[PDB]
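S.K.: Compact mmCIF, C-alpha atoms and all ligand atoms, file entry-v8.txt:
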```
# COMPACT_ATOMS: atom_id res chain seq x y z
CA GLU A 1 59.57 80.62 49.78
CA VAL A 2 61.45 82.19 52.70
CA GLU A 3 59.42 83.75 55.51
CA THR A 4 61.02 86.57 57.50
CA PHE A 5 59.87 87.33 61.06
CA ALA A 6 60.82 89.91 63.66
CA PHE A 7 62.12 88.78 67.03
CA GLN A 8 60.23 90.09 70.01
CA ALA A 9 61.89 93.25 71.30
CA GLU A 10 62.99 91.44 74.47
CA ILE A 11 64.66 88.61 72.53
CA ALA A 12 66.48 91.04 70.23
CA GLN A 13 67.63 92.87 73.36
CA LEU A 14 69.04 89.64 74.78
CA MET A 15 70.86 88.92 71.52
CA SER A 16 72.42 92.40 71.49
CA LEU A 17 73.55 92.00 75.11
CA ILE A 18 75.23 88.66 74.37
CA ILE A 19 76.89 90.10 71.26
CA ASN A 20 78.05 93.42 72.73
CA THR A 21 78.98 92.60 76.34
CA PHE A 22 82.67 92.01 76.97
CA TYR A 23 82.81 88.47 78.36
CA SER A 24 85.78 86.15 77.88
CA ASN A 25 84.32 82.83 79.12
CA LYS A 26 82.72 82.13 75.74
CA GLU A 27 83.31 78.35 75.85
CA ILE A 28 80.11 77.80 77.88
CA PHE A 29 78.10 78.00 74.64
CA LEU A 30 78.85 74.31 74.00
CA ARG A 31 77.63 73.25 77.45
CA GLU A 32 74.36 75.09 76.80
CA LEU A 33 73.73 73.56 73.36
CA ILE A 34 74.70 70.07 74.54
CA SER A 35 72.32 70.52 77.48
CA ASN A 36 69.59 71.63 75.07
CA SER A 37 70.20 68.45 73.07
CA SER A 38 70.05 66.24 76.16
CA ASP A 39 66.70 67.81 77.12
CA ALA A 40 65.23 67.15 73.67
CA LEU A 41 66.54 63.57 73.76
CA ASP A 42 64.95 63.02 77.18
CA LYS A 43 61.60 64.17 75.79
CA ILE A 44 61.45 61.74 72.87
CA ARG A 45 62.68 58.86 75.05
CA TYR A 46 59.96 59.47 77.64
CA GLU A 47 57.28 59.81 74.96
CA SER A 48 58.35 56.49 73.42
CA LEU A 49 57.85 54.63 76.72
CA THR A 50 54.09 54.87 76.11
CA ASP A 51 54.28 54.90 72.28
CA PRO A 52 57.09 52.88 70.64
CA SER A 53 56.07 54.08 67.16
CA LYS A 54 57.51 57.52 68.02
CA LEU A 55 60.95 56.00 67.33
CA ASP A 56 60.02 54.96 63.77
CA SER A 57 62.00 58.01 62.61
CA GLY A 58 65.15 56.72 64.33
CA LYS A 59 65.88 54.60 67.39
CA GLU A 60 69.34 56.02 68.12
CA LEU A 61 69.56 58.71 70.81
CA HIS A 62 72.90 60.49 70.46
CA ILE A 63 74.71 63.81 70.08
CA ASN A 64 77.24 64.54 67.33
CA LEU A 65 79.72 67.43 67.21
CA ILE A 66 80.92 68.20 63.69
CA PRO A 67 83.64 70.80 62.99
CA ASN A 68 84.29 72.00 59.45
CA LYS A 69 87.20 74.39 58.88
CA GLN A 70 86.43 74.86 55.18
CA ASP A 71 82.98 76.30 55.95
CA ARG A 72 84.06 77.54 59.41
CA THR A 73 81.05 75.88 61.03
CA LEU A 74 80.50 73.87 64.20
CA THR A 75 77.40 71.67 64.10
CA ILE A 76 75.64 70.15 67.12
CA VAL A 77 73.34 67.35 65.93
CA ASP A 78 70.94 65.47 68.18
CA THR A 79 68.20 62.94 67.45
CA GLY A 80 65.82 64.42 70.02
CA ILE A 81 62.14 65.22 69.71
CA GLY A 82 62.76 68.09 67.29
CA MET A 83 60.85 71.33 66.89
CA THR A 84 57.60 72.07 65.08
CA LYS A 85 57.05 75.18 62.98
CA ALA A 86 55.02 76.72 65.82
CA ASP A 87 58.03 76.13 68.08
CA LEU A 88 60.32 78.09 65.75
CA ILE A 89 57.93 81.05 65.49
CA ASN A 90 55.81 81.25 68.67
CA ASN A 91 56.27 78.64 71.41
CA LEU A 92 59.98 78.90 72.23
CA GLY A 93 59.73 82.68 71.93
CA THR A 94 56.92 82.78 74.48
CA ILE A 95 59.06 80.82 76.95
CA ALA A 96 62.16 82.89 76.18
CA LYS A 97 60.38 86.18 76.98
CA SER A 98 59.98 85.54 80.71
CA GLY A 99 63.32 83.72 80.87
CA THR A 100 65.04 86.76 79.37
CA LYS A 101 63.40 89.13 81.87
CA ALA A 102 64.61 86.98 84.77
CA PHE A 103 68.05 86.73 83.14
CA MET A 104 68.31 90.53 82.85
CA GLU A 105 67.28 91.06 86.48
CA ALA A 106 69.83 88.54 87.77
CA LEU A 107 72.63 90.10 85.69
CA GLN A 108 72.00 93.49 87.32
CA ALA A 109 72.20 91.74 90.72
CA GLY A 110 75.67 90.25 90.15
CA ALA A 111 75.01 87.25 87.91
CA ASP A 112 77.15 86.73 84.82
CA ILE A 113 76.48 85.43 81.31
CA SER A 114 77.57 81.87 82.18
CA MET A 115 74.33 81.32 84.14
CA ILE A 116 72.16 81.87 81.04
CA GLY A 117 71.04 78.23 81.08
CA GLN A 118 69.36 78.58 84.47
CA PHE A 119 66.78 80.83 82.75
CA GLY A 120 65.95 78.65 79.74
CA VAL A 121 67.48 80.83 77.02
CA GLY A 122 70.78 78.99 76.73
CA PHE A 123 70.46 78.62 72.96
CA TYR A 124 71.28 82.30 72.48
CA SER A 125 74.70 81.76 74.06
CA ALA A 126 75.58 80.48 70.57
CA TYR A 127 75.96 84.13 69.52
CA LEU A 128 79.00 84.42 71.77
CA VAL A 129 81.02 82.62 69.08
CA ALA A 130 78.74 82.66 66.01
CA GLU A 131 77.76 85.49 63.68
CA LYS A 132 74.97 83.38 62.14
CA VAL A 133 73.09 80.34 63.44
CA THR A 134 71.12 77.90 61.30
CA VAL A 135 68.80 75.36 62.93
CA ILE A 136 67.59 72.36 60.93
CA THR A 137 64.92 70.45 62.82
CA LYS A 138 62.36 67.71 62.21
CA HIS A 139 59.48 66.86 64.55
CA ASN A 140 57.44 63.68 64.18
CA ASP A 141 54.28 65.74 63.57
CA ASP A 142 55.70 68.39 61.19
CA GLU A 143 58.03 68.84 58.21
CA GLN A 144 61.76 69.54 58.15
CA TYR A 145 62.46 73.26 58.58
CA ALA A 146 65.45 75.58 58.44
CA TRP A 147 65.56 78.38 61.02
CA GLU A 148 68.21 81.06 60.60
CA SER A 149 69.24 84.38 62.13
CA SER A 150 72.29 86.64 62.09
CA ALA A 151 70.65 88.65 64.91
CA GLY A 152 69.83 92.18 63.78
CA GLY A 153 66.22 91.80 64.91
CA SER A 154 64.93 89.18 62.46
CA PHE A 155 64.96 85.47 61.67
CA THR A 156 63.85 83.41 58.68
CA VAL A 157 61.97 80.11 58.50
CA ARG A 158 61.81 77.93 55.39
CA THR A 159 61.02 74.38 54.40
CA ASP A 160 64.36 72.59 54.29
CA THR A 161 65.29 70.88 51.02
CA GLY A 162 68.61 69.40 52.17
CA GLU A 163 69.25 65.86 53.36
CA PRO A 164 66.25 64.62 55.40
CA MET A 165 67.05 64.12 59.07
CA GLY A 166 64.29 61.76 60.16
CA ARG A 167 63.97 63.37 63.59
CA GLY A 168 66.00 65.75 65.71
CA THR A 169 67.71 69.12 65.67
CA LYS A 170 70.82 70.38 63.86
CA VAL A 171 72.39 73.63 65.11
CA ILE A 172 74.98 75.07 62.71
CA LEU A 173 77.26 77.72 64.24
CA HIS A 174 78.82 79.96 61.58
CA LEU A 175 81.75 80.97 63.76
CA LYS A 176 83.19 84.46 64.03
CA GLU A 177 86.63 84.97 62.50
CA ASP A 178 88.40 85.16 65.87
CA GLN A 179 86.58 82.13 67.36
CA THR A 180 88.03 79.36 65.17
CA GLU A 181 89.59 77.65 68.21
CA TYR A 182 86.26 75.82 68.64
CA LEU A 183 86.97 73.97 65.39
CA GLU A 184 90.04 72.28 66.91
CA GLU A 185 89.56 68.78 68.31
CA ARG A 186 91.60 69.21 71.50
CA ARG A 187 89.71 72.39 72.38
CA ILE A 188 86.29 70.75 71.93
CA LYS A 189 87.41 67.69 73.90
CA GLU A 190 88.65 69.87 76.76
CA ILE A 191 85.34 71.76 76.89
CA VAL A 192 83.18 68.63 76.72
CA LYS A 193 85.12 66.92 79.50
CA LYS A 194 85.01 70.12 81.58
CA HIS A 195 81.29 70.94 81.32
CA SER A 196 79.44 67.92 79.89
CA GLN A 197 81.17 64.81 81.25
CA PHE A 198 77.97 63.28 82.72
CA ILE A 199 75.51 63.70 79.83
CA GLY A 200 73.36 60.58 79.63
CA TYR A 201 73.81 60.15 75.88
CA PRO A 202 76.86 59.28 73.75
CA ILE A 203 78.64 62.40 72.50
CA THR A 204 80.69 61.66 69.37
CA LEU A 205 83.19 64.34 68.37
CA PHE A 206 83.74 64.09 64.62
CA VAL A 207 87.21 64.88 63.30
CA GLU A 208 88.01 66.76 60.13
CA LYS A 209 89.60 65.76 56.83
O1 LIG B 301 66.70 76.30 68.85
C1 LIG B 301 66.29 77.42 69.05
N1 LIG B 301 65.93 77.90 70.29
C2 LIG B 301 65.50 79.20 70.26
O2 LIG B 301 65.13 79.81 71.24
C3 LIG B 301 65.59 79.72 68.85
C4 LIG B 301 64.23 80.25 68.39
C5 LIG B 301 63.28 79.13 68.21
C6 LIG B 301 63.68 78.07 67.54
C7 LIG B 301 65.05 78.04 66.98
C8 LIG B 301 66.06 78.51 68.03
```
As C-alpha cells, how would this structure be written, given the file I've shared?

M.R.:
Amino acid sequence: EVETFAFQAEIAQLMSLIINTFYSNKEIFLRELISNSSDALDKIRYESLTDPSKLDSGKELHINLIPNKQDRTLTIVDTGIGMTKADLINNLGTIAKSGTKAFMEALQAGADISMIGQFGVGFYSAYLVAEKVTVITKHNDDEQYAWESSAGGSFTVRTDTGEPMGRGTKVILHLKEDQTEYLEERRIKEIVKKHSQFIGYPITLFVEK
C-alpha cells in the first residue's frame, strides 16, 4: 500500500528552482542535512530530561554518514526524535510554505541558494545533488515510514518493511550521475570539517568496501 500525495504548489516551485538554477556551490547540502539532524537530536535529548523513557528506543545520540558507490547513494542517519506520519504529509509542509515564500523574496533581493537553511527549508537542498530522496523515519509515537520523492510534483508515503530503526531519521540521497564526488571519503571529510566542525554530536563517516 503506497500512498501518493501532491506537493503544495509552493513547495514544488522551490524544488524546481533548486533543480534548475545554475549554482555551483552544491556542497552545502551536507551542512543543511547535518544541521537538520542536530536539530532533531536536540529535541529528543531535551524531551528526555523530563522523561527518561523516551530513550527506550535508543540512548545513543549520533550522526552517521554512509556512502555506497554500488547503489550510488549517500545516507545521513541520525537517532533524533524522528518524524510522525502527520509530519511527512502536513506539518513540515505547513512550515515549509512560509519559509519558501521568505526564501524566494530574499533570493530576488540578492541572497543565494546557500542561505536556504536560514528559512527552514534546508532539506530541499538535497536536490542539488540527488535525483531521488528517500526518508526512513521512526517517531516514538508512530510507526516506521518511508517517504520518497523524485520531485515532479509528488511524493509517496508507505509503511517501511526494512530493518527497524528504533528511533530517528534516515535520509538516502540517490545521487545524480555527475555528483559522485560526494561518495568519496576525502571530499566528505573536507566538507564536514569546513561547514560542520562544531556540531554537538559525534559524526562518524563510514568508509566503503
Ligand atoms: O525530511 C523531510 N523534510 C521535508 O521538508 C520533507 C517533507 C516532509 C518530510 C520528509 C522530508

S.K.: Fewer than 3 positions away in the same chain doesn't count, so skip those; otherwise give me all residues within 6 Å of residue A:148, counting all atoms listed in the file, as a list in words.

M.R.: residues 133, 134, 155 and 156 of chain A

S.K.: Could you give me the residues within 8 Å of ligand LIG 301 (chain B), counting only C-alpha atoms and all ligand atoms, as an NGL selection string?

M.R.: :A and (83 or 87-93 or 96 or 121-124 or 135 or 147-148 or 169 or 171)

S.K.: Excluding stretch 4-12 of chain A and any residue of its chain fewer than 2 positions from it, enumerate the residues within 9 Å of it, using all atoms listed in the file, and give them as number ranges by chain.

M.R.: A: 2, 14-17, 89, 93, 96-97, 100-101, 151-158

S.K.: Could you pull the residues within 9 Å of stretch 160-168 of chain A, counting all atoms listed in the file, minus those fewer than 6 positions along the same chain, as an mmCIF file with C-alpha atoms, keeping the file's coordinate frame?

M.R.:
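Done, and the output landed in out15.cif:
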```
data_model
loop_
_atom_site.group_PDB
_atom_site.id
_atom_site.type_symbol
_atom_site.label_atom_id
_atom_site.label_comp_id
_atom_site.auth_asym_id
_atom_site.auth_seq_id
_atom_site.Cartn_x
_atom_site.Cartn_y
_atom_site.Cartn_z
ATOM 1 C CA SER A 37 70.200 68.450 73.070
ATOM 2 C CA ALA A 40 65.230 67.150 73.670
ATOM 3 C CA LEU A 41 66.540 63.570 73.760
ATOM 4 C CA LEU A 55 60.950 56.000 67.330
ATOM 5 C CA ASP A 56 60.020 54.960 63.770
ATOM 6 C CA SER A 57 62.000 58.010 62.610
ATOM 7 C CA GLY A 58 65.150 56.720 64.330
ATOM 8 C CA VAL A 77 73.340 67.350 65.930
ATOM 9 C CA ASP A 78 70.940 65.470 68.180
ATOM 10 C CA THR A 79 68.200 62.940 67.450
ATOM 11 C CA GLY A 80 65.820 64.420 70.020
ATOM 12 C CA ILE A 81 62.140 65.220 69.710
ATOM 13 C CA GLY A 82 62.760 68.090 67.290
ATOM 14 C CA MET A 83 60.850 71.330 66.890
ATOM 15 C CA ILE A 136 67.590 72.360 60.930
ATOM 16 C CA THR A 137 64.920 70.450 62.820
ATOM 17 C CA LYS A 138 62.360 67.710 62.210
ATOM 18 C CA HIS A 139 59.480 66.860 64.550
ATOM 19 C CA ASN A 140 57.440 63.680 64.180
ATOM 20 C CA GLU A 143 58.030 68.840 58.210
ATOM 21 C CA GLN A 144 61.760 69.540 58.150
ATOM 22 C CA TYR A 145 62.460 73.260 58.580
ATOM 23 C CA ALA A 146 65.450 75.580 58.440
ATOM 24 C CA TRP A 147 65.560 78.380 61.020
#
```

S.K.: If we count only C-alpha atoms, what is near residue A:195 at a cut-off of 12 Å, once residues fewer than 5 positions away on the same chain are taken out, given as a PyMOL selection string?

M.R.: chain A and resi 27-35+114+188-190

S.K.: Find, counting only C-alpha atoms, the residue in A:142, A:178, A:61, A:205 that gets nearest to residue A:191.

M.R.: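 The closest residue to residue A:191 is A:205.
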
S.K.: Can you work out the spacing between atom CA of residue A:68 and atom CA of residue A:192 in Å, to one decimal?

M.R.: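 For atom CA of residue A:68 relative to atom CA of residue A:192, the distance reads 17.6 Å.
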
S.K.: I'd like to know which of A:170, A:176, A:69, A:186 is closest to residue A:131, using only C-alpha atoms.

M.R.: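 Smallest distance to residue A:131 is found for A:176.
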
S.K.: Select, from A:1, A:105, A:112, A:42, the residue with the minimum atom-to-atom distance to residue A:23, counting only C-alpha atoms.

M.R.: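 Closest candidate: A:112.
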
S.K.: Between atom CA of residue A:202 and atom CA of residue A:46, what distance in Å does the model show, to one decimal?

M.R.: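 Taking atom CA of residue A:202 and atom CA of residue A:46, their separation equals 17.3 Å.
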
S.K.: To one decimal place in Å, what is the distance between atom CA of residue A:149 and atom CA of residue A:22?

M.R.: 21.4 Å

S.K.: Compare A:207, A:107, A:173, A:199 by their minimum atom-to-atom distance to residue A:72, counting all atoms listed in the file, and give me the closest one.

M.R.: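 Answer, going by the shortest atom-to-atom distance: A:173.
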
S.K.: For residue A:65, which residue out of A:39, A:85, A:183, A:197 is the nearest one, using only C-alpha atoms?

M.R.: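 The answer is A:183, which sits nearest to residue A:65.
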